[PDB]
Engineer: 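I'd like to ask some things about the structure below.
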Amino acid sequence: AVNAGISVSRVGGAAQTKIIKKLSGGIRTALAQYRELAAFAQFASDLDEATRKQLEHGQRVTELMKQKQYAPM
Amino acid sequence: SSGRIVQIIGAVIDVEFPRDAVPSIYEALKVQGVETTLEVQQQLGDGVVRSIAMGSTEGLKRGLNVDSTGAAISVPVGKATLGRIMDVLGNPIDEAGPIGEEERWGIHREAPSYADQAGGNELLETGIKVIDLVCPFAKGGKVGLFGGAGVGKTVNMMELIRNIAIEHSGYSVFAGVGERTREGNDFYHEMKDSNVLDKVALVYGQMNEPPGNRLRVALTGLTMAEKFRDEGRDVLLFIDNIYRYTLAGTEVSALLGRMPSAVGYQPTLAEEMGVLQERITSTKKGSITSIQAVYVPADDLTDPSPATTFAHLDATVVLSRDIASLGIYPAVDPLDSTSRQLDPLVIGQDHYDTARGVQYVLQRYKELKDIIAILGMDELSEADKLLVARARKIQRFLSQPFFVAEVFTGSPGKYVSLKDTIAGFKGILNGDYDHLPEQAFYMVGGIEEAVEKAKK
Amino acid sequence: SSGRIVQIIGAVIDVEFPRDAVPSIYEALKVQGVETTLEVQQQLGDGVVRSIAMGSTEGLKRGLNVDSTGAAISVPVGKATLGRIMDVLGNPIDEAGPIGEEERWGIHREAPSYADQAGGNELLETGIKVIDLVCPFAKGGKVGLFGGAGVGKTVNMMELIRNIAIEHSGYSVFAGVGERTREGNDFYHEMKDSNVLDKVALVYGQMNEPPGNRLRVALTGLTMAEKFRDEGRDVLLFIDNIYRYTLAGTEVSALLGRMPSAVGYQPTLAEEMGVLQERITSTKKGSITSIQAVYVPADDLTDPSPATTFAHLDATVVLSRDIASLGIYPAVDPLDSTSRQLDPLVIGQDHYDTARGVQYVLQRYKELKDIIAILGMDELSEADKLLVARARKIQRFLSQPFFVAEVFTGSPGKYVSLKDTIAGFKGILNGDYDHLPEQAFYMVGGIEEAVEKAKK
Amino acid sequence: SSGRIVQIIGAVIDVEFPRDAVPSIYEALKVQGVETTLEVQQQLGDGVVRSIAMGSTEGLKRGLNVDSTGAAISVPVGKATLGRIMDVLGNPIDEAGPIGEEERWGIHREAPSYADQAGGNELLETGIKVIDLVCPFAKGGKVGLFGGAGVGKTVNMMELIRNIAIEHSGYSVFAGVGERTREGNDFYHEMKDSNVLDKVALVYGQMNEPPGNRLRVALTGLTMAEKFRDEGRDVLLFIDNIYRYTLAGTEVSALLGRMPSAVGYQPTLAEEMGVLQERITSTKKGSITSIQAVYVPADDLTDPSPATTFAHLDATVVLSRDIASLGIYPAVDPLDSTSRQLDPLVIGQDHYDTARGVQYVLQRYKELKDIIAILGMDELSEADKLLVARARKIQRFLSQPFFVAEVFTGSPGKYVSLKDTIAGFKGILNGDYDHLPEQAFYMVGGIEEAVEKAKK
Amino acid sequence: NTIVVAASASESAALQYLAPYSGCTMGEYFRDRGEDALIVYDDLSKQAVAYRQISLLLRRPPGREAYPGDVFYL
Amino acid sequence: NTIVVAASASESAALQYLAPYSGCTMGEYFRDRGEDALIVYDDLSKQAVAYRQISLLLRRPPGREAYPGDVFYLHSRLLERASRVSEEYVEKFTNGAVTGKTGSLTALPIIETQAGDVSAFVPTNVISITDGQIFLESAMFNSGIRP
Amino acid sequence: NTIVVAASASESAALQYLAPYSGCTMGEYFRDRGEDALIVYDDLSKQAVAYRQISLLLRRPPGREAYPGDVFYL
Amino acid sequence: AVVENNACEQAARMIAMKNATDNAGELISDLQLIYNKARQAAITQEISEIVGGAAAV
Ligand SMILES: Nc1ncnc2c1ncn2[C@@H]1O[C@H](COP(=O)(O)OP(=O)(O)O)[C@@H](O)[C@H]1O
Ligand SMILES: Nc1ncnc2c1ncn2[C@@H]1O[C@H](COP(=O)(O)OP(=O)(O)O)[C@@H](O)[C@H]1O
Ligand SMILES: Nc1ncnc2c1ncn2[C@@H]1O[C@H](COP(=O)(O)OP(=O)(O)O)[C@@H](O)[C@H]1O
Ligand SMILES: [Mg+2]
């Protein structure tokens with residue numbers, strides 16, 4: 001249930017290991033932009049490749065962020 | 001002659017003195033055998049005075065002897081304060097030993113007279129697109145960064161310190177009022193490592209300190225800035241959270257026997273704020289350029305504290321939680337933010353028209369946004385469809401990566417000049433980029449970076 | 001040594017005793033001629049105690065003599081209490097003669113220790129579709145029925161009393177706290193005529209009663225349940241309305257000299273709930289399964305009383321006036337209702353996935369409310385249209401005709417097993433009934449009955 | 001015996017008197033050597049009384065002597081009051097010299113008893129077609145007047161003042177509760193120019209007067225009206241704004257330190273409204289009918305002030321900006337105006353059917369006007385086109401020339417009987433006048449005059 | 001066949017607050033003697049407004065919509 | 001042609017509370033002598049805030065938004081001075097030195113609303129006291145319509 | 001690897017008010033000795049309710065939602 | 001048949017947009033009653049806090 005748009009960390013990349021720091025760069029703001037774009041384009045007749053691609057990626061990352069209790073990675 | 005502690009309730013302490021030796025209002029008192037100072041707030045009559053402690057009350061007892069110092073809290077001033085860290089009472093909180101002071105000044109003073117007021121309007125370039133476009137600053141003026149929790153006030157102030165104070169030829173003063181101890185330490189090492197510390201005096205009152213400290217640190221920092229202004233110099237004054245001076249007053253107000261006003265604030269809110277704000281000003285002797293971060297409780301700009309603060313500033317920068325929620329930073333609201341310098345006679349007609357043009361497009365898009373969510377983009381007119389695309393591009397072109405924000409963004413910081421800013425917004429308004437995708441303008445810098453990002 | 005009444009204001013009475021003979025807190029006192037009982041609440045100093053009357057204060061006067069009994073209010077406990085009705089003081093009120101108790105226990109006691117707590121997740125089938133699906137109960141756990149006026153707290157609690165008594169062979173305790181006197185008479189004759197009365201202990205302190213009675217009657221009923229638990233038995237404890245215990249504290253708090261907190265509630269609101277709620281628990285000796293009706297003032301779930309109650313329960317059932325207005329009973333809100341037992345490790349993956357699937361569909365239908373009200377279902381995507389049709393069938397299938405509700409409609413009551421509950425909702429979610437009309441699922445016990453109703 | 005001023009806090013003055021000479025509640029007191037009058041509000045004990053000053057307290061000091069008058073504030077009554085302007089204390093505020101009264105009455109008294117009620121419900125014939133047909137006034141009733149400014153409010157009051165005096169031998173009283181001095185002066189000249197000043201008594205409680213003055217002016221005007229009622233007459237009492245009477249009570253209640261109620265109104269809100277409104281009734285000797293302008297705070301009809309006021313109103317007259325634009329006067333809305341006497345059991349079946357018939361045609365015409373505006377006149381059927389023609393004739397027949405409006409309208413004024421009013425509208429509804437052009441019905445006294453005007 | 005108890009809009013708030021209990025006592029006379037009675041309280045919301053006035057004048061702490069803590073017990 | 005009366009943010013609340021009455025008194029000099037004057041009170045809301053502070057420190061009973069019971073009287077006492085007086089009043093006041101001329105004092109009081117809320121306690125009072133209102137809108141100001 | 005500090009619902013408001021500080025002092029033992037520790041405070045909202053109760057019973061003057069002025073400093 | 005169906009489509013759309021305009025009016029009316037209830041509650045709570053704080057001082 002983490003709301004990526006309202007949630008924030010003031011230490012940022014300094015609190016991460018080098019591998020996760022490079023791979024997760026910009027994900028938080030990308031999910032926030034996807035929430036606005038997915039609501040704006042909800043009733044659009046057709047969309048450009050940049051918009052179609054952003055929505056397809058946003059849905060996959062939204063699905064990837066789900067996890068079960070007592071199952072740490 | 002000495003007095004005795006008669007009552008202790010929270011941070012408020014009552015002391016009884018002989019009827020011929022009662023201390024004056026704002027006079028500093030020292031408790032015998034304990035490292036604590038008291039400031040007199042009221043004379044209750046019958047030789048009793050009410051005071052606030054400038055240290056922890058865990059070691060205090062009733063019946064302890066108290067000494068009158070004969071004057072208000074006095075702090076060291078001048079050249080010896082540069083490159084040092086001090087507490088509310090002016091003691092060094094760094095491990096560099098005693099301060100080489102040559103003069104001490106009381107923290108309480110009257111504001112400059114009406115005849116001493118300045119009138120300068122020299123523009124100050126910040127290197128930040130939104131600010132340079134809709135909120136142009138001026139030398140010797142007052143700036144306020146309004147915003148709720150987590151919207152970017154410290155990050156915006158740190159970028160402004162980098163783009164203004166590092167290149168400045170004069171002295172700077174930073175007052176940490178009710179701030180996080182981590183931010184104070186991070187700023188100290190950054191100024192030290194950057195070799196800029198020799199031009200800055202640092203005064204701190206963290207949020208773990210008694211109400212008396214948080215209520216007076218703003219006066220201690222301002223007292224140091226007044227000494228440099230009165231020497232005929234040009235000074236920079238930074239305050240991380242001016243709201244904490246107001247909040248410390250609210251924590252103690254009811255214990256001082258005062259009835260609460262609207263929203264539970266102290267009845268003296270406007271006067272307490274005015275007595276401090278009228279001293280932070282430029283005069284015929286010298287100038288003080290000040291940037292104050294202003295906290296907005298629960299993002300409500302109508303709350304009595306933010307509402308009373310707007311009238312004291314020349315430039316009002318409003319940071320919006322709704323813009324920050326879209327992942328757009330610096331998150332400055334182009335419609336609520338304003339400056340006294342936004343006049344054709346001060347910035348010329350081309351900049352003024354570009355600024356008003358952006359505001360007109362964004363204001364029109366705000367009333368079309370709700371329609372698209374219900375009926376869709378295709379139900380709009382030919383003019384509305386075109387305008388919505390330009391508004392969404394302008395909204396993204398206002399974003400910019402900061403050097404102090406590389407730890408959050410991962411990408412490198414960008415500095416954008418006023419001419420580059422004006423040219424970019426004029427091009428998007430005139431339709432020179434109608435063919436570029438909406439995503440090309442987000443987090444890029446100058447307008448050529450959007451053209452280059454679109455090809456990637 | 002006796003004391004004398006010095007002040008009388010409503011239900012609160014001040015009594016003065018010799019400095020060497022002041023009664024302790026919670027000690028029971030008796031007015032000499034009238035025999036009215038008072039409970040000491042505070043020691044004001046100088047030999048004066050403040051107390052609450054356990055009866056009407058009309059006709060009392062200043063200067064009357066008061067005797068201290070040396071102990072707290074004590075009530076009869078054990079087998080002698082079964083099949084009889086008692087008041088707050090433990091007197092019989094059923095006209096069936098004196099109670100034959102072997103011992104009496106004081107109504108004030110400490111909660112069982114951390115080491116005495118019993119761990120358990122054994123599933124309890126209620127026979128009610130919505131409860132067995134989204135908020136399953138466990139033996140020895142606590143259930144709360146939250147709801148506004150007229151939504152169904154009593155009808156649902158009476159159906160739960162009827163259904164849980166099928167597989168439970170132990171004793172039961174029913175505490176009528178601040179509710180209708182008629183409901184107490186109806187329940188008593190129903191059990192007397194059904195020959196079930198000899199297994200239940202009845203305690204009543206209804207709306208007609210003074211504040212002192214409504215403030216302590218919950219402790220009297222709980223003291224009887226604690227005797228059976230400590231004897232190593234499994235007992236059921238039903239509380240007619242737990243909010244009335246809190247309200248009686250609000251009625252008396254100002255008279256006790258306390259400052260009001262938010263929305264006029266007593267400053268001790270959370271402590272008063274904690275002291276009562278921690279005693280209603282299962283231990284290593286024996287278990288207490290409890291069902292409590294919780295009233296919600298002006299339908300506001302954010303009110304301090306309902307808000308403070310959620311933290312004390314294992315299963316939360318929230319009733320809604322909007323759902324009741326559509327003619328859907330029991331009227332449980334599936335998105336606000338919850339239970340700790342809704343865990344894959346307790347109920348298994350099949351039940352867990354079915355409950356999760358039902359909540360997903362209902363949440364998505366809730367988001368479409370304003371779109372459907374302005375433009376209708378025809379403007380929705382083909383995927384949203386399919387989901388709305390299943391959501392409407394799920395809402396109707398959650399309805400059920402109760403055995404205690406047969407008097408209101410003539411429709412026979414239905415009992416549904418957990419097996420049949422999971423099978424019905426799973427079939428609707430998978431689309432096995434996409435061809436049935438939505439009115440076929442209204443007031444049908446099992447999915448087979450929906451199939452038969454669709455043929456009419 | 002006299003007393004002494006012991007305390008002065010703004011408009012609140014405390015006076016100390018000998019133990020055997022303490023003045024009664026509501027008794028009027030006079031400060032020696034000054035024109036200041038005080039009204040006793042509470043008796044504090046020890047011979048001290050709390051009072052509200054009926055004027056400015058500037059220049060008063062502790063220890064001044066105060067004389068008790070032995071009675072409540074007493075005002076002049078009878079024919080001597082007509083055509084003069086007076087303050088709350090009954091002093092003349094015009095420069096026309098002293099009032100020639102033969103008698104004085106105290107402003108405080110009980111409402112007429114249950115046995116004094118006149119009994120049968122009788123209508124007050126106003127002589128105005130729209131009022132007498134759609135919103136009839138009962139003798140002894142209270143009428144709420146709604147609308148903006150520049151819509152004919154003063155002209156309607158002047159016409160009612162003329163008709164009660166010339167056609168029914170009655171009199172009028174105007175109570176300016178919180179009156180604007182500019183408007184009070186303009187109104188006095190407009191009544192003098194319209195020759196209605198000699199038929200009305202004027203009492204003004206101006207906005208710049210203390211809370212006590214604004215609160216008591218309604219009782220002063222009402223006391224003057226009670227004298228005329230007892231002479232065997234039917235009287236009109238006009239209250240400039242009933243909302244300002246409610247606010248003056250809130251201001252006085254706050255000055256006296258009473259604990260505020262819901263929305264901050266005085267705890268005595270309903271009782272203060274009842275004390276004023278219950279005296280305005282029909283008695284066995286005569287009646288007082290009242291027309292009161294009503295203001296709704298924040299457009300919220302559920303706010304305590306509008307909600308408490310509406311419990312006392314018998315009719316509602318709504319003035320419309322749109323109707324005034326069509327040149328129709330008086331500009332009263334036949335669909336928004338209401339009356340409790342518009343019931344077949346009160347006014348009879350013939351009057352009720354005629355009034356409901358007019359409202360049905362006007363309501364259907366409102367709907368057809370939208371169809372004509374969006375689709376055009378060719379969409380309407382021959383039955384709809386006939387209904388539109390009758391609606392236009394009815395709408396114009398509601399217009400009327402007033403004797404006080406001869407300057408604006410040119411034509412001579414007309415008084416129309418209820419019999420002539422019912423017969424005229426019944427005939428138009430039945431189609432008896434369908435051959436006449438719509439312009440024949442505009443600005444005519446009765447249906448006869450319309451038949452004669454159609455020949456020119 | 002009817003008893004009429006009246007406490008008009010201008011009577012003291014004490015009488016408006018007490019009128020329902022006086023009418024109830026007159027109606028109970030028949031109930032206790034084995035007879036049947038019917039009572040109409042023309043406005044209990046006006047009784048609650050009268051009780052709020054007395055409570056605020058006695059300076060008792062108010063709750064929701066400024067009503068007394070004991071408005072349910074009333 | 002202008003008199004400027006100042007009561008700055010750092011001055012005692014008593015001076016801020018009194019400033020409108022001092023300026024009104026200086027403006028009335030012309031009205032009573034058969035001349036016309038115009039007065040601007042840049043913030044009647046700030047005068048009310050100063051009076052609320054004095055009232056709460058003097059321990060006077062508070063009402064809605066913590067203002068004292070006389071906050072309506074504060075503004076009404078000030079605003080009724082702004083008026084047009086007849087030739088007879090001017091002739092009486094000047095002992096016949098000025099004849100056949102009327103005198104006047106026109107007022108332009110300013111009030112600040114919070115997010116367009118005209119229903120607040122102080123704005124409601126001044127709206128009821130005045131002869132008319134000029135409403136300025138944030139949406140129009142952003143739309144390029146500067147007045 | 002965990003220390004559990006409990007101040008349950010039936011315990012004195014003073015213990016509920018002090019529990020976060022007691023757990024913090026137990027966690028600081030590791031910090032001051034060159035080690036790392038993690039602390040979880042179950043509900044700072046419940047600690048604030050406990051402090052409000054103590055403060056109102058001590059008759060200290062209340063602010064917004066009846067909380068004492070120093071609830072931020074807590 | 002195609003041209004007449006287009007005239008029917010615009011007539012059906014006119015009625016649909018009239019109904020959508022009317023349904024929005026009901027939602028505005030329900031929200032206005034909720035807003036007025038919230039407005040009154042805020043003033044009552046603030047006065048309770050002012051009176052409560054003043055009685056303790
Ligand atoms: N320019 C920026 N670029 C990226 N992130 C930013 C920027 N400005 C603010 N942030 C985000 O917000 C946080 C900083 O907020 P902060 O400066 O602490 O605001 P405040 O002091 O007002 O609460 C960062 O942790 C980061 O996530
Ligand atoms: N299945 C049902 N059928 C009819 N009415 C029901 C049903 N469930 C609940 N109710 C309603 O519930 C109400 C009683 O519950 P409620 O008033 O909340 O309880 P309490 O008696 O504790 O105040 C009655 O109005 C009753 O009609
Ligand atoms: N009966 C009428 N006939 C013609 N004009 C009228 C009539 N009634 C009102 N008016 C016009 O309306 C104007 C304002 O009326 P008035 O009663 O003073 O309204 P208000 O007091 O609200 O300003 C009048 O000056 C006149 O021009
Ligand atoms: Mg910060």
Side-chain angles (χ1 to χ4, degrees), chain A residues 10, chain B residues 145 147-158 176-180 182-184 187 207 239-241 243-244 293-295, chain C residues 128 145-159 176-180 182-184 186-187 207 239-244 292-296 319 321 323-324 327-332 399-409 411 413 443, chain D residues 128 145 147-159 183 186-187 190 194 240 293 319 321 324 327-332 399-411 413 443:
Chain A
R10 302 180 201 255
Chain B
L145 311 179
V151 305
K153 299 183 302 298
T154 289
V155 170
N156 293 343
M157 180 168 284
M158 293 296 148
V177 191
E179 182 177 16
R180 299 178 190 86
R182 183 179 58 71
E183 278 170 38
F187 184 62
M207 46 189 178
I239 309 182
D240 199 47
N241 202 2
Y243 171 77
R244 293 291 195 233
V294 189
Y295 174 77
Chain C
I128 296 164
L145 310 179
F146 293 78
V151 307
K153 303 176 298 306
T154 296
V155 175
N156 297 357
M157 193 169 70
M158 292 300 116
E159 188 77 344
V177 191
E179 281 293 320
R180 305 181 182 78
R182 180 185 56 65
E183 291 173 350
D186 290 344
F187 185 60
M207 312 181 301
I239 304 181
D240 209 0
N241 213 309
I242 196 62
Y243 168 83
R244 304 297 177 204
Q292 304 173 25
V294 191
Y295 174 83
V296 178
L319 308 182
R321 168 169 265 95
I323 299 178
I328 288 163
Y329 290 106
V332 176
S399 71
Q400 180 176 342
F402 283 2
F403 289 93
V404 299
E406 182 168 341
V407 175
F408 311 140
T409 60
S411 298
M443 294 301 175
Chain D
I128 302 171
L145 184 61
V151 73
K153 197 191 71 174
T154 307
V155 174
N156 293 346
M157 291 182 171
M158 293 194 298
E159 176 65 12
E183 301 190 326
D186 287 339
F187 181 47
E190 287 175 331
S194 308
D240 185 46
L319 304 185
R321 181 72 67 189
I328 299 181
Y329 286 108
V332 179
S399 201
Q400 180 174 343
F402 289 168
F403 297 93
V404 297
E406 292 181 351
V407 171
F408 313 127
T409 60
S411 300
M443 294 302 185

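Computation of the quantities below employed the complete heavy-atom set of this structure, encompassing side-chain atoms and omitting hydrogens, waters and symmetry-equivalent molecules. Proteins get letters first, then strands, A, B, ... in listed order; numbering begins at 1 in each. Both counts, for ligands and for their atoms, begin at 1 and track the order of listing.
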Engineer: Okay, side chain of D:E406, backbone of D:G413: is any donor-acceptor separation there less than 3.5 Å?
Structural biologist: yes

Engineer: Which residue supplies the protein heavy atom nearest to atom 26 (C) of ligand 2, what is that atom called, and how far is it?
Structural biologist: C:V155 CG2, 4.2 Å

Engineer: Main chain of C:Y329, side chain of C:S399: is a donor-acceptor contact present, judged purely on distance under 3.5 Å?
Structural biologist: no

Engineer: Go through ligand 3 atom by atom and flag the ones less than 4.0 Å from a non-hydrogen atom of D:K153.
Structural biologist: 17 (O), 19 (O), 22 (O)

Engineer: Using modelled atom types and a 3.5 Å cut-off, is there a donor and acceptor pairing between side-chain atoms of D:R321 and backbone atoms of D:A149?
Structural biologist: yes

Engineer: Side-chain contact, heavy-atom cut-off 4.5 Å: D:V332 with D:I128?
Structural biologist: no

Engineer: At a 4.0 Å threshold, what atoms of ligand 2 neighbour a non-hydrogen atom of C:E183?
Structural biologist: 21 (O)

Engineer: Give me the atom names and distance for the closest heavy-atom approach of D:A293 to D:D240.
Structural biologist: CB-O, 3.3 Å

Engineer: What protein heavy atom lies closest to atom 18 (O) of ligand 3? Include the residue and the distance to one decimal.
Structural biologist: D:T154 OG1, 3.5 Å

Engineer: To the nearest 0.1 Å, how far is atom 23 (O) of ligand 2 from its closest protein heavy atom, and which atom is that?
Structural biologist: C:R180 NH1, 3.5 Å

Engineer: Quick test of your reading of the structure: of D:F402, D:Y329, D:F187, whose heavy atom lies closest to atom 2 (C) of ligand 3?
Structural biologist: D:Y329

Engineer: For atom 13 (C) of ligand 2, what is the nearest protein heavy atom, given as residue, atom name and distance?
Structural biologist: C:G150 O, 3.7 Å

Engineer: Does an N or O anywhere in C:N241 fall below 3.5 Å from an N or O of ligand 2?
Structural biologist: no

Engineer: Quick one: does ligand 2 sit under 4.0 Å from the side chain of C:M157, the backbone, both or neither, non-hydrogen atoms only?
Structural biologist: neither

Engineer: Numbering the atoms of ligand 2 from 1, which are under 4.0 Å from a heavy atom of C:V151?
Structural biologist: 9 (C), 12 (O), 18 (O)

Engineer: Considering only the protein, which heavy-atom contact is closest to atom 3 (N) of ligand 3, and what is its distance?
Structural biologist: D:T409 CG2, 3.4 Å

Engineer: Is it true that a side-chain atom of B:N241 and a backbone atom of B:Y295 form a donor plus acceptor pair closer than 3.5 Å?
Structural biologist: yes

Engineer: Just do the side chain to side chain contact (heavy atoms under 4.5 Å, CB included) check on D:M158 and D:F403 with the steps written out, would you?
Structural biologist: CA-CA 9 Å; D:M158 293 194 298; D:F403 297 93; over 6 Å; no

Engineer: Using modelled atom types only, decide if a donor and an acceptor are shared between the side chain of C:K153 and the backbone of C:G148 within a distance under 3.5 Å.
Structural biologist: yes

Engineer: Is there a side-chain contact between C:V177 and C:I242 (heavy atoms, below 4.5 Å)?
Structural biologist: no

Engineer: Can you sort out which atoms of ligand 2 are near C:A405, meaning under 4.0 Å from one of its heavy atoms?
Structural biologist: 1 (N)

Engineer: Just to check, does C:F408 reach to within less than 4.0 Å of ligand 2 when the distance is taken from its heavy atoms?
Structural biologist: yes

Engineer: Which of the atoms in ligand 3, numbered in the order shown and given with their element, are less than 4.0 Å from a heavy-atom of D:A149?
Structural biologist: 22 (O)

Engineer: So does C:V404 get a backbone contact from the side chain of C:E159, meaning a donor-acceptor N/O pair under 3.5 Å?
Structural biologist: yes

Engineer: Give the residue, atom name and distance (to 0.1 Å) of the protein heavy atom nearest atom 19 (O) of ligand 3.
Structural biologist: D:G152 N, 3.2 Å

